[PDB]
Amino acid sequence: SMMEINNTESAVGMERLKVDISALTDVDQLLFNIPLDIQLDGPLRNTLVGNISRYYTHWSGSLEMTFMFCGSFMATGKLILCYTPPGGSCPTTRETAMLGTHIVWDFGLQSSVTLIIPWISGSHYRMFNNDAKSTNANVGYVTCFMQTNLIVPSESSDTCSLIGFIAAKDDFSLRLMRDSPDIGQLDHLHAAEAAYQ
Amino acid sequence: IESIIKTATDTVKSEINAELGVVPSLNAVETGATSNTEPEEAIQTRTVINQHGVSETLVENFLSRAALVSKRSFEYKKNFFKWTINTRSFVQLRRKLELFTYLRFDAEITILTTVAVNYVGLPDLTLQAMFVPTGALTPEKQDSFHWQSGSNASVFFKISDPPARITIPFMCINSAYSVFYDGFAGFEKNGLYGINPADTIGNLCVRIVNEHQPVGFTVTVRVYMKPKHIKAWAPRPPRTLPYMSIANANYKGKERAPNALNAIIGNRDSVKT
Amino acid sequence: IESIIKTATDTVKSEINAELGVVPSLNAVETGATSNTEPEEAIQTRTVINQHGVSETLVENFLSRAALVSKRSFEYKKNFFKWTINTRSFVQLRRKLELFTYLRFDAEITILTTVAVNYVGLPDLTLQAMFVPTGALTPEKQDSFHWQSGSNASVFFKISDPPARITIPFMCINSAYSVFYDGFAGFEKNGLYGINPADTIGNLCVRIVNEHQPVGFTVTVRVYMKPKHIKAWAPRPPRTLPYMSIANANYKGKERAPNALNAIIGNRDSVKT
Amino acid sequence: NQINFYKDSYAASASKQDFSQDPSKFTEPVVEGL
Amino acid sequence: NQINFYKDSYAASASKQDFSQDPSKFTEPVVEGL
Amino acid sequence: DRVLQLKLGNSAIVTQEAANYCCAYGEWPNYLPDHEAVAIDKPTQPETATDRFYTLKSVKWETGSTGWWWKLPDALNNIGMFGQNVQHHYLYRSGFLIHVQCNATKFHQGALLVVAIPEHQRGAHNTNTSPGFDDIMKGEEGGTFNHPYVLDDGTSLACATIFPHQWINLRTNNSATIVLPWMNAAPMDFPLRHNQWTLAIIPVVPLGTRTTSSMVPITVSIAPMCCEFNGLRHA
Amino acid sequence: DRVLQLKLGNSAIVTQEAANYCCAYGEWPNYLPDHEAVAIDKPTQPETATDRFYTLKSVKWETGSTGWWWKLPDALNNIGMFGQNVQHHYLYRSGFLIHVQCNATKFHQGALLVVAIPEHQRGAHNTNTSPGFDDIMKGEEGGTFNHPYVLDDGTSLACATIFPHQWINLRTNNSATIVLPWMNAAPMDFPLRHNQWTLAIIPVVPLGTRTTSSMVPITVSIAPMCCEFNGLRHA
């Protein structure tokens, strides 16, 4: 199920689902990053693994992220998709981000890749805590850099797009069902008293 | 294929790979399929025996809880209680049923009542709940003759006692309840959208038996429902925008970035934050 | 080695000894070991069959009692009760848990309630206790919408009835509860000393369901806890100086010789008294 | 140890013994196997 | 004679049948035997 | 029985007069079994350059001295190839070996209690504020006990023989040696925030002689054995 | 045959259009046998955090570009847990894996010779002074060939196919992958003074198009496999 990477303002509607990449003039540049926080207001709240697992409070398993490239057929390029365990702060350059679990992907005939986020933890479970920097709640950082450039001819459009998916593996597990933090309004709705003659 | 899963799966030891012609990590999501990259084929793993049970995420554990369906307070000095049965009145039970399309269960209904005479104490009182099906005549007064019916299912209980509990079987004329219905109700050209007549249960009438005395009352009734023996088909995405009414599925959206119309997830400063 | 002991041990008859090269009564405590001088080898004994059972000093008998964990009284004319769960509030349960480092048990909680209307008698009342886990939204008003939740575990009980009892399983994410924690809670440089996030359970919210009437109340709630199925590791010395707060283990000491800072045992006149 | 003395079969308790599972109808819906 | 009709195993009573005991881990912790 | 020699890696320690070495709770350190593992990466098991004796700085023992302590995962976070694997990895699992050395002549007296305490949650005196990141987390040097009679947390010293311990009696021996296993509720742990054990030596009987006034230092060696790391990072 | 995936440690590289990967002189890297070992300490074999793909900095390829080189033990002496084992230990023994990435569109042309040279003793032009510690030993960045036609030492480029090599022809592929074994006269070697191999890529046919003027970078990844260290030191 796809996810809102481009959740910045002045992005109206369903343009919040894709991210724009383009050609550039420097050697290595950052593209995006995803905060892996299901409990907080992040890109992962509105997915299938997000909405179902907020009813529970303990979780344990692996995840996977799948990226589909929606450029033209004449467009080439490479990317690198790395994951860093939660010990420190977010990586800034490619020199401190190659040291995590990464994949290097070439834009080929078939247009998807898969980055497995392995279950690295001390305990058996983790909690959906309100503190982001807790030791049993902080997961890590997923971030993407440019390996080589994004190169197009004169006739293709310069701006290509990426769509980001997320699901769980076959060892995912959940525990201790609770109430969902999503629905929080108390607004009284029309035709409620119509059943009460 | 079909198999019995009791606990979560395990991981087997991985070696180094430099194989040509074989790519585990590439796939194509244009086929509509989902990825099948085992972690054994992406990184180097160890062997881990896994004891985590998956018995809490069952459908019969996710659904079968006691949720409130009705709450209405009537003064006793229209002197009674009448409610055409729906499950769209309270928004926290509703959103958990909106995940599926068809359902087949047996409910288990608990009527809980409390009173507040407006001598501030109170003597004993006696209630009566009667289940009127569709078609049958509903009363319109406390002492109507429709309360003497031996055919309608009734139950008497007191305030001082534990609350009343019954159970009600699967009542539909089809083989499942339709949570959603993309059709009309009548054969005429202009009917009511979104409702089926195959799911209409009837009324539930509650009165108090004691004659009005010197002192007026205030009776508050709560009704709970717990499903049992649940079968569920066709999962659906969850509702995000808040509800607006009961007879349909309109949407309005909040004004500011969380759960607004043009933004479900609240904003961030930049993409490279 | 490991062996099953049902009763205490017995004594066998002793003869006179004048053996050379063998000393039972000498040892060396610099090795960290404990003495092993049987009384058969120090004095002359007789043979005594012993029937004294040791089944009362078990860990599951030493711990599993009903101890008070909470007591708070609220007036009804913040209109309800909310308590972030800890076991450091009352000093007599606490000192018995401070003997061990790790614990693994299943609690058994009893909510006992009494009321005192400030017609001095009272009609029947109805309560509600709801167990909110961590992360979930807690109510802030008596009639908030967070009380209609079918997902949180709730229980209704009356004043006139026997008190409510439930049981709660082992809830931690590790394999034991850490009574002590020599670390911090966050990844930042400045967090909170002495607490772990692996042991935080949540809130317990208690309200009264009846609408405010002509007369104000005063409700007093007590909560008891009895451990079950106890496993215990790593015994520790007992706390001697009195406690000072909850979030840490500070110490102040009484002013005069019993349990003072420079004297635990009260003074004596001379050593040769 | 379940217990009911009622004559009707829908009056019983719930049951949590149904661990059968076919996940490859939502994840692999295609015809030709990969 | 213990009794429970609940489906969960942690709902049972306590048990006092565990008389196993290894005292020579606190009193004789050394390696070389005396 | 008095003479003893340990060797781990390229290190070795030789002593002649020492009472036996004790194992904490009858255990010996080992690796993590398959039926208890949780993380699924292959662990880094270096097995040399992290299994050596690392000596700390010696402290001087005087007549008015009152005790010393150390924190065992924290004292080695900037020493050798143990301190480099800790900073790059996210989890660890290990067991230690302690060796305390203090000698004098035939004419001195004195006694030291060398005890090892799991999860020693400290406390401050006569205030309500908890101690912070300062006054804990002193690397390679240890704090001095303010009130050693109550172990600086309220519990009595007179029952501190319930923990694994030995004695250094200058009449009899001059060395003490303790082996500690992995002891935690979880199979692995983040090393930069949580400390499992707490070494602490306390002079019960103060020293004294009438020969001369001369320095008498105390030296501590620590050897992490059967260590393994997981979850690689950048710094 | 075109599609390929390597995985070493927690790293993986995926490509779709690539010709086969070659083994240098028919060999595959392995550990040191018992009948060839000399030093008698147990070696440190970490086997993870030193067997990953470490990427270098990308260089921009232009029309007037003339070639680049690197030194393979020296380029990794300050990167990760390979650069920390090298500084503390005295000897090492390893074998590498090279992977060169450069892509363009259907309308570009060009060709690169990706060659790997053992013991590439360089030479300075038109002088008698030998080159010093400067102009060699550039870590993580490589010098540019001054006279690539004679490989900057007098030997011709036209016979440089005698070394293990591949080609990157932008008409056909966009990747080249070479596996290198341990090659030295001695079983181990001091890593801070001697460099075994020398990666060097040389644009034979310069690129050219008439679509637009856009950057085209070249990226190199190195993965040391079957590495082991010996002789522990301080820094």
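- Method information in the entry identifies cryo-EM as the source of the structure, with 3.4 Å recorded as the resolution.

### Describing the interface of chain B and chain A
- The interface of chain B with chain A comprises 55 residues on the first partner and 60 residues on the second.
- With both sides pooled, the region where chain B packs onto chain A buries about 5,100 Å², and carbon together with sulfur makes up 53% of that total.
- There are one salt bridge connecting chain B and chain A.
- The partner of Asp182(A) in a salt bridge is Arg95(B), and the shortest N-O contact between them spans 3.5 Å.
- Looking at the side of chain B that touches chain A residue by residue, the classes come out as 21 nonpolar, 21 polar and 13 charged.

### Here we look at the interface of chain B and chain G
- At the interface, 17 residues of chain B touch 16 residues of chain G.
- Summed over both partners, the interface of chain B with chain G buries about 1,300 Å², with 59% contributed by carbon and sulfur atoms.
- Of all residues in chain B, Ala18(B), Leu20(B) and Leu26(B) bury the most surface against chain G, accounting for 36% of the area lost on that side.
- Where chain B packs against chain G, one counts zero salt bridges.

### Things to note about the environment of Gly216(C)
Residue and element names in this part refer to chain C.
- Position of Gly216 among the secondary structure elements: in the loop between β10 (202-208) and β11 (218-225).
- By relative accessible area, which is 8% here, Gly216 ends up buried.
- With residues up to four places along the chain from it excluded, the contact list for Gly216 reads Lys77, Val117 and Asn118.

### Concerning the sheet that holds strand β4 (residues 100-106) of chain C
Residues and elements named next belong to chain C.
- Spatial strand order, β9-β4-β12: three strands in an open sheet with antiparallel pairing. The sheet terminates laterally at β9 (177-178) and β12 (228-235), the two strands that pair on one side only.
- Sheet analysis places β4 next to β12, joined by five bridges and oriented antiparallel. Bridged to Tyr102 within β12 is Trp233.

Each value, and the rule that gives it
- Residues numbered from 1 in each chain as written, not as in the entry; some residues may be left out.
- Chains lettered and ligands numbered in written order.
- Part of a larger assembly, values for the part shown.
- Heavy atoms only, no water.
- Contact = heavy atoms within 4.5 Å.
- Buried area = accessible area lost by both parts, 1.4 Å probe.
- Salt bridge = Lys/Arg side-chain N within 4 Å of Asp/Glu carboxyl O.
- Nonpolar A, V, L, I, M, F, W, Y, C, P; charged D, E, K, R; others polar.
- Helix = DSSP H or I, 4+ residues; strand = E, 2+ residues; numbered from the N terminus.
- Buried < 20%, exposed > 50% of the residue type's maximum accessible area, 1.4 Å probe, protein only.
- Pairing = 2+ DSSP bridges.

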